[PDB]
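Everything on this sheet refers to the single structure shown next.
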Amino acid sequence: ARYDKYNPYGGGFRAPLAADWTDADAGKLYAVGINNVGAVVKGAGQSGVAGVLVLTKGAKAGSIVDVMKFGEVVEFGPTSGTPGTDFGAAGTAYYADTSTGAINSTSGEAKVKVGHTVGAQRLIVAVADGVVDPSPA
Amino acid sequence: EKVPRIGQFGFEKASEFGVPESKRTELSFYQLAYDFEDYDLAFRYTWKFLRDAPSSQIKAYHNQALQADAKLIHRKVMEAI
């Protein structure tokens with residue numbers, strides 16, 4: 001995955017990274033949140049899910065990252081896939097697991113919708129306010 | 001007298017896509033002034049006294065008022081401290 005359209009004014013925001021992200025995560029997309037210290041963590045923090053993050057290379061804790069709330073992500077596929085391979089399905093909604101920050105097409109009441117795909121490899125990012133269903137039957 | 005001051009701000013760590021928080025600052029001041037006051041003294045005579053008194057006593061009186069002035073300014077400078 002890569003950022004393709006990013007808007008610095010309310011489309012995304014600067015925050016410090018809470019822990020090291022390794023080159024094993026390079027080019028993966030995760031959903032992310034803010035911990036009680038004000039730094040970026042995978043999954044929901046205290047904030048709920050705040051946005052999505054891609055790093056093109058590994059990054060150290062306390063370095064600044066650009067979290068995306070609204071934009072376009074290209075070369076997209078599920079977080080469990082391999083970058084530049086195993087792309088998304090065309091025309092479908094994508095959801096974060098709030099615990100791990102992993103993104104896939106399977107909906108669930110406790111999950112957060114992050115966007116939908118326009119053709120297999122492009123995700124239109126537009127992160128929801130909260131979980132799909134906070135009051136199941 | 002007016003003594004102004006200005007607030008101050010610092011940098012932020014940069015990033016690859018996003019943009020910085022904005023910075024502002026504001027003025028404020030103290031101010032101080034100097035007091036002012038008026039002081040009086042008198043000589044009074046009867047007509048018989050000015051007819052009969054030596055003119056040297058009047059010059060001696062004028063000189064002693066001009067001394068009482070220098071005493072006054074010193075007290076009011078030391079009171080200020």
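Naming works like this for the structure tokens: A, B, ... for the chains as they're shown, residue 1 at the start of each chain, ligands 1 onward in shown order.
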
**Study point:** Contacts of segment 39-51 of chain B at 12 Å (only C-alpha atoms; same-chain gap of 3+ positions) as a PyMOL selection string
**Key:** chain B and resi 36+54-62+64-66+68-69+72-73+76

Point to revise | Contact residues (chain B, partner chain A, 8 Å, only C-alpha atoms) as a PyMOL selection string | key: chain B and resi 13-19

Practice item. Apply DSSP to the backbone of this structure and, from chain B, keep only the residues in alpha helix (DSSP H); write these as a ChimeraX atom specification. Key: /B:47-52,55-80

**Study point:** Residues near segment 43-57 of chain A, cut-off 6 Å, only C-alpha atoms, skip fewer than 4 positions along chain, as a ChimeraX atom specification
**Key:** /A:23,26-35,67-69,98-101

Exercise for review: Please measure the separation of atom CA of residue 58 of chain A and atom CA of residue 17 of chain A, giving the value in Å to one decimal.
Suggested key: 11.2 Å

Point to revise | Non-local contacts of residue 28 of chain B (9 Å; only C-alpha atoms; under 4 positions in same chain excluded) as an NGL selection string | key: :B and (3-7)

Could the residues in this selection be saved with C-alpha atoms as a CSV table (one decimal), in the first residue's frame?
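Wrote it out as part.csv, contents follow:
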chain,number,residue,atom,x,y,z
B,3,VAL,CA,7.8,48.5,30.6
B,4,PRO,CA,6.6,46.0,27.9
B,5,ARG,CA,7.3,42.3,27.4
B,6,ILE,CA,6.5,39.7,24.7
B,7,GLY,CA,5.6,36.0,25.0

**Study point:** Selected residue of minimal separation from residue 33 of chain B among B:80, B:70, B:1, B:12, counting only C-alpha atoms
**Key:**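 Residue with the minimum atom-to-atom distance to residue 33 of chain B: B:1.
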
Mind checking which residues fall within 10 Å of residue 23 of chain B, counting only C-alpha atoms, ignoring those fewer than 5 positions away in the same chain, and posting them as a short mmCIF file (atom, residue, chain, number, x, y, z; two decimals) with N, CA and C atoms, in the first residue's frame?
data_model
loop_
_atom_site.label_atom_id
_atom_site.label_comp_id
_atom_site.auth_asym_id
_atom_site.auth_seq_id
_atom_site.Cartn_x
_atom_site.Cartn_y
_atom_site.Cartn_z
N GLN B 8 6.79 34.03 24.10
CA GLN B 8 7.66 33.30 23.18
C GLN B 8 7.22 31.86 22.94
N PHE B 9 7.72 31.27 21.86
CA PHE B 9 7.34 29.94 21.36
C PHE B 9 8.55 29.14 20.86
N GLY B 10 8.36 27.85 20.60
CA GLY B 10 9.38 26.93 20.09
C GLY B 10 9.01 26.20 18.80
N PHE B 11 9.99 25.54 18.18
CA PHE B 11 9.80 24.68 17.01
C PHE B 11 9.06 23.37 17.32
#

Practice item. Select from segment 28-93 of chain A everything DSSP, run on the backbone, classes as strand (DSSP E), then give the selection as a list in words. Key: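 Here is the list: residues 29, 30, 31, 32, 33, 34, 40, 41, 42, 51, 52, 53, 54, 64, 65, 66, 67, 68, 70, 71, 72, 73, 74 and 93 of chain A.
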
Saved selection, atoms kept: C-alpha atoms, as an mmCIF file, in the first residue's frame:
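The resulting file, result-v8.cif, is reproduced below:
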data_model
loop_
_atom_site.group_PDB
_atom_site.id
_atom_site.type_symbol
_atom_site.label_atom_id
_atom_site.label_comp_id
_atom_site.auth_asym_id
_atom_site.auth_seq_id
_atom_site.Cartn_x
_atom_site.Cartn_y
_atom_site.Cartn_z
ATOM 1 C CA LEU A 29 -1.526 -0.609 6.046
ATOM 2 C CA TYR A 30 -2.750 -0.712 9.671
ATOM 3 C CA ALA A 31 -5.551 1.072 11.475
ATOM 4 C CA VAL A 32 -4.120 3.136 14.371
ATOM 5 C CA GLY A 33 -5.132 5.066 17.513
ATOM 6 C CA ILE A 34 -3.604 7.309 20.205
ATOM 7 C CA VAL A 40 0.377 6.390 17.737
ATOM 8 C CA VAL A 41 -0.406 2.677 18.427
ATOM 9 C CA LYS A 42 -1.813 -0.120 16.193
ATOM 10 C CA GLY A 51 -7.039 6.782 11.241
ATOM 11 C CA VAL A 52 -4.811 4.522 9.083
ATOM 12 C CA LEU A 53 -1.008 4.466 8.677
ATOM 13 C CA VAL A 54 1.462 3.210 6.034
ATOM 14 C CA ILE A 64 6.626 11.782 13.639
ATOM 15 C CA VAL A 65 4.162 9.936 11.375
ATOM 16 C CA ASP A 66 1.321 11.204 9.175
ATOM 17 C CA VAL A 67 -1.926 9.394 10.087
ATOM 18 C CA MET A 68 -4.633 9.516 7.359
ATOM 19 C CA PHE A 70 -9.479 10.928 4.448
ATOM 20 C CA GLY A 71 -7.613 10.240 1.166
ATOM 21 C CA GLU A 72 -6.655 7.608 -1.424
ATOM 22 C CA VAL A 73 -4.325 4.637 -0.829
ATOM 23 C CA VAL A 74 -2.969 2.759 -3.907
ATOM 24 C CA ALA A 93 -15.923 -2.065 2.245
#
